[PDB]
Amino acid sequence: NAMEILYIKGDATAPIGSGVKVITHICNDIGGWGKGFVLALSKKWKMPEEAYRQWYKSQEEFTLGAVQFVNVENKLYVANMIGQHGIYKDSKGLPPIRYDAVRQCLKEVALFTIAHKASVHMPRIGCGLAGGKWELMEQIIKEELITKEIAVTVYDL
């Protein structure tokens with residue numbers, strides 16, 4: 001019980017603190033990169049977007065629950081986590097967010113972060129158009145990261 005999610009004001013593309021850092025965000029499964037946090041990423045680094053777009057074309061494990069890790073600076077990675085289905089709600093009004101997919105992604109982030117002695121930095125992942133409910137998303141993050149003593153910072157903006 002040593003760790004707790006930290007919430008601060010700011011921009012997850014400008015992560016706080018020291019050591020190796022992984023910026024985690026939720027991507028869709030159709031290769032779309034044009035709305036929300038991805039725009040903040042691409043302002044600062046071309047690599048996450050380009051890696052993701054190449055991944056979409058490769059169709060090599062481009063599936064819900066999969067994660068691509070890209071280096072953007074000395075000691076800084078971005079995790080492109082495929083955690084939402086499509087961009088818009090489906091025919092029965094189900095929002096794109098897939099909580100099970102996000103959890104699977106976070107299991108892979110946990111292993112990566114442990115191996116690299118890293119901390120996690122994120123926006124309020126899933127909130128907004130993906131239709132995620134923070135009270136649920138937060139619980140998944142606590143279970144998959146915080147309980148293993150991986151620091152997590154959520155950036156409000």
# chains A, B, ... in the order shown; residues from 1 in each chain; ligands from 1
$ residues_around --residues "residue 75 (chain A)" --least-positions-apart "3" --cutoff "7 Å" --atoms "only C-alpha atoms" --output "ChimeraX atom specification"
/A:19-21
$ residues_around --residues "residue 114 (chain A)" --least-positions-apart "4" --cutoff "9 Å" --atoms "only C-alpha atoms" --output "MDAnalysis selection string"
chainID A and resid 109:110 118:119 148 150
$ select_by_dssp --residues "region 9-104 of chain A" --states "helix (DSSP H, G or I)" --output "PyMOL selection string"
chain A and resi 37-44+47-58+99-104
$ write_last_selection --atoms "N, CA, C and O atoms" --output "mmCIF file, in the first residue's frame"
data_model
loop_
_atom_site.group_PDB
_atom_site.id
_atom_site.type_symbol
_atom_site.label_atom_id
_atom_site.label_comp_id
_atom_site.auth_asym_id
_atom_site.auth_seq_id
_atom_site.Cartn_x
_atom_site.Cartn_y
_atom_site.Cartn_z
ATOM 1 N N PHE A 37 -5.503 13.726 -27.122
ATOM 2 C CA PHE A 37 -4.135 13.657 -26.603
ATOM 3 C C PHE A 37 -3.091 13.409 -27.696
ATOM 4 O O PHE A 37 -1.973 13.920 -27.609
ATOM 5 N N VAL A 38 -3.455 12.650 -28.722
ATOM 6 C CA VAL A 38 -2.507 12.380 -29.813
ATOM 7 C C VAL A 38 -1.982 13.653 -30.470
ATOM 8 O O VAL A 38 -0.859 13.683 -30.976
ATOM 9 N N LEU A 39 -2.791 14.711 -30.459
ATOM 10 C CA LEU A 39 -2.360 15.977 -31.030
ATOM 11 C C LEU A 39 -1.272 16.623 -30.173
ATOM 12 O O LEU A 39 -0.333 17.218 -30.702
ATOM 13 N N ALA A 40 -1.398 16.489 -28.853
ATOM 14 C CA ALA A 40 -0.361 16.963 -27.944
ATOM 15 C C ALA A 40 0.941 16.176 -28.140
ATOM 16 O O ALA A 40 2.026 16.752 -28.157
ATOM 17 N N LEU A 41 0.828 14.867 -28.310
ATOM 18 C CA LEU A 41 2.005 14.042 -28.584
ATOM 19 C C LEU A 41 2.702 14.488 -29.856
ATOM 20 O O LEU A 41 3.907 14.724 -29.852
ATOM 21 N N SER A 42 1.947 14.640 -30.945
ATOM 22 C CA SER A 42 2.552 14.937 -32.241
ATOM 23 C C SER A 42 3.141 16.351 -32.338
ATOM 24 O O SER A 42 4.039 16.583 -33.137
ATOM 25 N N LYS A 43 2.636 17.267 -31.517
ATOM 26 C CA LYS A 43 3.219 18.593 -31.364
ATOM 27 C C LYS A 43 4.684 18.467 -30.932
ATOM 28 O O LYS A 43 5.559 19.173 -31.450
ATOM 29 N N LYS A 44 4.949 17.547 -30.007
ATOM 30 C CA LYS A 44 6.284 17.410 -29.418
ATOM 31 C C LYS A 44 7.211 16.386 -30.088
ATOM 32 O O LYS A 44 8.425 16.586 -30.130
ATOM 33 N N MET A 47 7.591 10.625 -33.519
ATOM 34 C CA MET A 47 7.788 9.175 -33.441
ATOM 35 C C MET A 47 6.558 8.354 -33.031
ATOM 36 O O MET A 47 6.262 7.346 -33.672
ATOM 37 N N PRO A 48 5.855 8.746 -31.947
ATOM 38 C CA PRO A 48 4.698 7.917 -31.563
ATOM 39 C C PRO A 48 3.674 7.749 -32.687
ATOM 40 O O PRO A 48 3.230 6.633 -32.952
ATOM 41 N N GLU A 49 3.332 8.849 -33.356
ATOM 42 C CA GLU A 49 2.381 8.789 -34.453
ATOM 43 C C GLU A 49 2.889 7.920 -35.609
ATOM 44 O O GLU A 49 2.163 7.067 -36.128
ATOM 45 N N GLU A 50 4.136 8.146 -36.010
ATOM 46 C CA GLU A 50 4.671 7.416 -37.160
ATOM 47 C C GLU A 50 4.761 5.915 -36.881
ATOM 48 O O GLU A 50 4.415 5.089 -37.730
ATOM 49 N N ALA A 51 5.199 5.566 -35.675
ATOM 50 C CA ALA A 51 5.271 4.171 -35.280
ATOM 51 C C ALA A 51 3.885 3.535 -35.297
ATOM 52 O O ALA A 51 3.713 2.408 -35.759
ATOM 53 N N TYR A 52 2.895 4.268 -34.781
ATOM 54 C CA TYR A 52 1.524 3.756 -34.746
ATOM 55 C C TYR A 52 0.954 3.558 -36.158
ATOM 56 O O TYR A 52 0.320 2.542 -36.444
ATOM 57 N N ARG A 53 1.168 4.535 -37.032
ATOM 58 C CA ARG A 53 0.654 4.432 -38.394
ATOM 59 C C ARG A 53 1.317 3.280 -39.162
ATOM 60 O O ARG A 53 0.657 2.556 -39.902
ATOM 61 N N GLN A 54 2.612 3.063 -38.923
ATOM 62 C CA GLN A 54 3.286 1.905 -39.530
ATOM 63 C C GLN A 54 2.757 0.604 -38.950
ATOM 64 O O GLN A 54 2.585 -0.387 -39.657
ATOM 65 N N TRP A 55 2.490 0.603 -37.647
ATOM 66 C CA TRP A 55 1.902 -0.563 -37.000
ATOM 67 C C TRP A 55 0.541 -0.928 -37.618
ATOM 68 O O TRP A 55 0.282 -2.096 -37.943
ATOM 69 N N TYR A 56 -0.306 0.078 -37.832
ATOM 70 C CA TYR A 56 -1.604 -0.153 -38.457
ATOM 71 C C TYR A 56 -1.447 -0.829 -39.812
ATOM 72 O O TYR A 56 -2.155 -1.789 -40.133
ATOM 73 N N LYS A 57 -0.525 -0.330 -40.617
ATOM 74 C CA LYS A 57 -0.316 -0.921 -41.940
ATOM 75 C C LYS A 57 0.280 -2.314 -41.918
ATOM 76 O O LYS A 57 -0.039 -3.138 -42.777
ATOM 77 N N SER A 58 1.124 -2.596 -40.932
ATOM 78 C CA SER A 58 1.742 -3.914 -40.816
ATOM 79 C C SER A 58 0.709 -4.984 -40.460
ATOM 80 O O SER A 58 0.856 -6.158 -40.830
ATOM 81 N N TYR A 99 -12.708 -1.710 -21.635
ATOM 82 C CA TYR A 99 -11.994 -1.775 -20.350
ATOM 83 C C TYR A 99 -11.099 -2.996 -20.248
ATOM 84 O O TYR A 99 -9.999 -2.912 -19.713
ATOM 85 N N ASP A 100 -11.566 -4.128 -20.759
ATOM 86 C CA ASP A 100 -10.742 -5.343 -20.754
ATOM 87 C C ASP A 100 -9.484 -5.190 -21.613
ATOM 88 O O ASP A 100 -8.388 -5.630 -21.228
ATOM 89 N N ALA A 101 -9.634 -4.535 -22.758
ATOM 90 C CA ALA A 101 -8.487 -4.240 -23.604
ATOM 91 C C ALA A 101 -7.496 -3.322 -22.898
ATOM 92 O O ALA A 101 -6.288 -3.572 -22.916
ATOM 93 N N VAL A 102 -7.988 -2.261 -22.259
ATOM 94 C CA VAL A 102 -7.102 -1.357 -21.535
ATOM 95 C C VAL A 102 -6.368 -2.114 -20.436
ATOM 96 O O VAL A 102 -5.181 -1.909 -20.248
ATOM 97 N N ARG A 103 -7.069 -2.980 -19.715
ATOM 98 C CA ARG A 103 -6.416 -3.774 -18.672
ATOM 99 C C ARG A 103 -5.299 -4.642 -19.257
ATOM 100 O O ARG A 103 -4.193 -4.682 -18.703
ATOM 101 N N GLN A 104 -5.572 -5.303 -20.378
ATOM 102 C CA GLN A 104 -4.546 -6.125 -21.033
ATOM 103 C C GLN A 104 -3.349 -5.268 -21.440
ATOM 104 O O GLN A 104 -2.192 -5.662 -21.238
#
$ residues_around --residues "region 25-34 of chain A" --least-positions-apart "5" --cutoff "9 Å" --atoms "only C-alpha atoms" --output "list in words"
residues 39, 49, 52, 53, 55, 56, 57, 62, 63, 64, 78, 79, 80, 81, 82, 83, 84, 85, 86, 87, 96, 97, 102, 121, 122, 123, 124, 125 and 126 of chain A
$ write_last_selection --atoms "C-alpha atoms" --output "PDB file, in the first residue's frame"
ATOM      1  CA  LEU A  39      -2.360  15.977 -31.030  1.00  0.00           C
ATOM      2  CA  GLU A  49       2.381   8.789 -34.453  1.00  0.00           C
ATOM      3  CA  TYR A  52       1.524   3.756 -34.746  1.00  0.00           C
ATOM      4  CA  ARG A  53       0.654   4.432 -38.394  1.00  0.00           C
ATOM      5  CA  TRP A  55       1.902  -0.563 -37.000  1.00  0.00           C
ATOM      6  CA  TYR A  56      -1.604  -0.153 -38.457  1.00  0.00           C
ATOM      7  CA  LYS A  57      -0.316  -0.921 -41.940  1.00  0.00           C
ATOM      8  CA  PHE A  62      -2.621  -4.628 -34.246  1.00  0.00           C
ATOM      9  CA  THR A  63      -5.303  -5.792 -31.852  1.00  0.00           C
ATOM     10  CA  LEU A  64      -7.217  -4.659 -28.780  1.00  0.00           C
ATOM     11  CA  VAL A  78       5.444   6.519 -25.196  1.00  0.00           C
ATOM     12  CA  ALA A  79       3.147   3.486 -24.982  1.00  0.00           C
ATOM     13  CA  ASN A  80       0.576   3.407 -27.788  1.00  0.00           C
ATOM     14  CA  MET A  81      -2.079   1.183 -26.163  1.00  0.00           C
ATOM     15  CA  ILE A  82      -4.839  -0.208 -28.371  1.00  0.00           C
ATOM     16  CA  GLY A  83      -7.777   0.125 -25.979  1.00  0.00           C
ATOM     17  CA  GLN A  84     -10.770   1.377 -27.899  1.00  0.00           C
ATOM     18  CA  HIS A  85     -12.819  -0.110 -30.707  1.00  0.00           C
ATOM     19  CA  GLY A  86     -13.365   2.332 -33.565  1.00  0.00           C
ATOM     20  CA  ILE A  87     -13.666   6.092 -33.097  1.00  0.00           C
ATOM     21  CA  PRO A  96     -15.482   2.855 -28.142  1.00  0.00           C
ATOM     22  CA  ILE A  97     -13.715   2.255 -24.786  1.00  0.00           C
ATOM     23  CA  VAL A 102      -7.102  -1.357 -21.535  1.00  0.00           C
ATOM     24  CA  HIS A 121       2.553   9.372 -16.850  1.00  0.00           C
ATOM     25  CA  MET A 122      -0.854   9.786 -18.433  1.00  0.00           C
ATOM     26  CA  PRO A 123      -3.762  12.025 -19.291  1.00  0.00           C
ATOM     27  CA  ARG A 124      -7.227  11.037 -17.968  1.00  0.00           C
ATOM     28  CA  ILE A 125      -7.187   8.061 -20.330  1.00  0.00           C
ATOM     29  CA  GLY A 126     -10.578   7.100 -21.812  1.00  0.00           C
TER      30      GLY A 126
END
$ residues_around --residues "residue 145 (chain A)" --least-positions-apart "5" --cutoff "9 Å" --atoms "only C-alpha atoms" --output "list in words"
residues 106, 107, 109, 110, 113, 120, 140, 150, 151 and 152 of chain A
$ closest_residue --among "A:88, A:65, A:16, A:77" --to "residue 130 (chain A)" --atoms "only C-alpha atoms"
A:88
$ atom_distance --atom1 "CA of residue 76 (chain A)" --atom2 "CA of residue 147 (chain A)"
22.2 Å
$ atom_distance --atom1 "CA of residue 141 (chain A)" --atom2 "CA of residue 90 (chain A)"
25.4 Å
$ atom_distance --atom1 "CA of residue 132 (chain A)" --atom2 "CA of residue 23 (chain A)"
18.5 Å
$ select_by_dssp --residues "region 59-153 of chain A" --states "strand (DSSP E)" --output "ChimeraX atom specification"
/A:67-73,76-84,119-122,152-153
$ write_last_selection --atoms "N, CA, C and O atoms" --output "PDB file, in the first residue's frame"
ATOM      1  N   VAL A  67       0.208  -3.344 -27.218  1.00  0.00           N
ATOM      2  CA  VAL A  67       0.910  -2.102 -26.900  1.00  0.00           C
ATOM      3  C   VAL A  67       2.184  -2.020 -27.724  1.00  0.00           C
ATOM      4  O   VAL A  67       2.912  -3.012 -27.857  1.00  0.00           O
ATOM      5  N   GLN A  68       2.469  -0.816 -28.226  1.00  0.00           N
ATOM      6  CA  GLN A  68       3.729  -0.492 -28.884  1.00  0.00           C
ATOM      7  C   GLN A  68       4.461   0.545 -28.052  1.00  0.00           C
ATOM      8  O   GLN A  68       3.882   1.577 -27.700  1.00  0.00           O
ATOM      9  N   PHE A  69       5.728   0.269 -27.733  1.00  0.00           N
ATOM     10  CA  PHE A  69       6.554   1.183 -26.950  1.00  0.00           C
ATOM     11  C   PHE A  69       7.548   1.879 -27.860  1.00  0.00           C
ATOM     12  O   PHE A  69       8.285   1.219 -28.601  1.00  0.00           O
ATOM     13  N   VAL A  70       7.532   3.207 -27.862  1.00  0.00           N
ATOM     14  CA  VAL A  70       8.480   3.964 -28.678  1.00  0.00           C
ATOM     15  C   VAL A  70       9.305   4.864 -27.787  1.00  0.00           C
ATOM     16  O   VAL A  70       8.811   5.457 -26.830  1.00  0.00           O
ATOM     17  N   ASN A  71      10.577   4.949 -28.110  1.00  0.00           N
ATOM     18  CA  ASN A  71      11.465   5.883 -27.448  1.00  0.00           C
ATOM     19  C   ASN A  71      11.301   7.264 -28.073  1.00  0.00           C
ATOM     20  O   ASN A  71      11.266   7.393 -29.306  1.00  0.00           O
ATOM     21  N   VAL A  72      11.172   8.293 -27.246  1.00  0.00           N
ATOM     22  CA  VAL A  72      11.116   9.667 -27.765  1.00  0.00           C
ATOM     23  C   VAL A  72      12.275  10.552 -27.292  1.00  0.00           C
ATOM     24  O   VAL A  72      12.661  11.485 -27.988  1.00  0.00           O
ATOM     25  N   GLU A  73      12.881  10.229 -26.143  1.00  0.00           N
ATOM     26  CA  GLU A  73      14.067  10.956 -25.632  1.00  0.00           C
ATOM     27  C   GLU A  73      14.920  10.050 -24.737  1.00  0.00           C
ATOM     28  O   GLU A  73      14.470   8.957 -24.370  1.00  0.00           O
ATOM     29  N   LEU A  76      12.810   8.277 -21.890  1.00  0.00           N
ATOM     30  CA  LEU A  76      11.387   8.616 -22.093  1.00  0.00           C
ATOM     31  C   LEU A  76      10.763   7.828 -23.232  1.00  0.00           C
ATOM     32  O   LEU A  76      11.242   7.870 -24.372  1.00  0.00           O
ATOM     33  N   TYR A  77       9.698   7.100 -22.908  1.00  0.00           N
ATOM     34  CA  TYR A  77       8.987   6.265 -23.866  1.00  0.00           C
ATOM     35  C   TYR A  77       7.532   6.679 -23.930  1.00  0.00           C
ATOM     36  O   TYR A  77       6.993   7.223 -22.954  1.00  0.00           O
ATOM     37  N   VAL A  78       6.892   6.405 -25.065  1.00  0.00           N
ATOM     38  CA  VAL A  78       5.444   6.519 -25.196  1.00  0.00           C
ATOM     39  C   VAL A  78       4.882   5.137 -25.490  1.00  0.00           C
ATOM     40  O   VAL A  78       5.413   4.422 -26.349  1.00  0.00           O
ATOM     41  N   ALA A  79       3.829   4.750 -24.767  1.00  0.00           N
ATOM     42  CA  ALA A  79       3.147   3.486 -24.982  1.00  0.00           C
ATOM     43  C   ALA A  79       1.842   3.748 -25.713  1.00  0.00           C
ATOM     44  O   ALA A  79       0.907   4.334 -25.150  1.00  0.00           O
ATOM     45  N   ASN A  80       1.793   3.325 -26.975  1.00  0.00           N
ATOM     46  CA  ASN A  80       0.576   3.407 -27.788  1.00  0.00           C
ATOM     47  C   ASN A  80      -0.246   2.153 -27.469  1.00  0.00           C
ATOM     48  O   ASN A  80       0.107   1.063 -27.897  1.00  0.00           O
ATOM     49  N   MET A  81      -1.316   2.316 -26.689  1.00  0.00           N
ATOM     50  CA  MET A  81      -2.079   1.183 -26.163  1.00  0.00           C
ATOM     51  C   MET A  81      -3.384   1.047 -26.919  1.00  0.00           C
ATOM     52  O   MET A  81      -4.214   1.943 -26.864  1.00  0.00           O
ATOM     53  N   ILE A  82      -3.593  -0.069 -27.612  1.00  0.00           N
ATOM     54  CA  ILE A  82      -4.839  -0.208 -28.371  1.00  0.00           C
ATOM     55  C   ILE A  82      -5.959  -0.629 -27.426  1.00  0.00           C
ATOM     56  O   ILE A  82      -6.073  -1.801 -27.061  1.00  0.00           O
ATOM     57  N   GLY A  83      -6.781   0.343 -27.028  1.00  0.00           N
ATOM     58  CA  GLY A  83      -7.777   0.125 -25.979  1.00  0.00           C
ATOM     59  C   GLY A  83      -9.181   0.599 -26.276  1.00  0.00           C
ATOM     60  O   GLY A  83     -10.032   0.607 -25.388  1.00  0.00           O
ATOM     61  N   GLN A  84      -9.421   1.009 -27.513  1.00  0.00           N
ATOM     62  CA  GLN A  84     -10.770   1.377 -27.899  1.00  0.00           C
ATOM     63  C   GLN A  84     -11.086   0.861 -29.295  1.00  0.00           C
ATOM     64  O   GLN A  84     -10.219   0.785 -30.168  1.00  0.00           O
ATOM     65  N   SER A 119       8.487   4.978 -14.300  1.00  0.00           N
ATOM     66  CA  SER A 119       7.197   5.461 -13.793  1.00  0.00           C
ATOM     67  C   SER A 119       6.273   5.740 -14.971  1.00  0.00           C
ATOM     68  O   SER A 119       6.716   5.858 -16.114  1.00  0.00           O
ATOM     69  N   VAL A 120       4.978   5.834 -14.677  1.00  0.00           N
ATOM     70  CA  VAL A 120       3.935   6.032 -15.688  1.00  0.00           C
ATOM     71  C   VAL A 120       3.314   7.417 -15.570  1.00  0.00           C
ATOM     72  O   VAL A 120       3.083   7.923 -14.463  1.00  0.00           O
ATOM     73  N   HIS A 121       3.059   8.016 -16.731  1.00  0.00           N
ATOM     74  CA  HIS A 121       2.553   9.372 -16.850  1.00  0.00           C
ATOM     75  C   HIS A 121       1.441   9.360 -17.876  1.00  0.00           C
ATOM     76  O   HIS A 121       1.621   8.825 -18.971  1.00  0.00           O
ATOM     77  N   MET A 122       0.286   9.927 -17.538  1.00  0.00           N
ATOM     78  CA  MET A 122      -0.854   9.786 -18.433  1.00  0.00           C
ATOM     79  C   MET A 122      -1.828  10.928 -18.330  1.00  0.00           C
ATOM     80  O   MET A 122      -1.957  11.545 -17.283  1.00  0.00           O
ATOM     81  N   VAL A 152       2.397   6.320 -10.670  1.00  0.00           N
ATOM     82  CA  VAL A 152       1.511   6.785 -11.739  1.00  0.00           C
ATOM     83  C   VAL A 152       1.123   8.220 -11.468  1.00  0.00           C
ATOM     84  O   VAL A 152       0.650   8.522 -10.377  1.00  0.00           O
ATOM     85  N   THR A 153       1.326   9.080 -12.465  1.00  0.00           N
ATOM     86  CA  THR A 153       0.898  10.473 -12.418  1.00  0.00           C
ATOM     87  C   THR A 153      -0.122  10.724 -13.517  1.00  0.00           C
ATOM     88  O   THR A 153       0.126  10.390 -14.681  1.00  0.00           O
TER      89      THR A 153
END
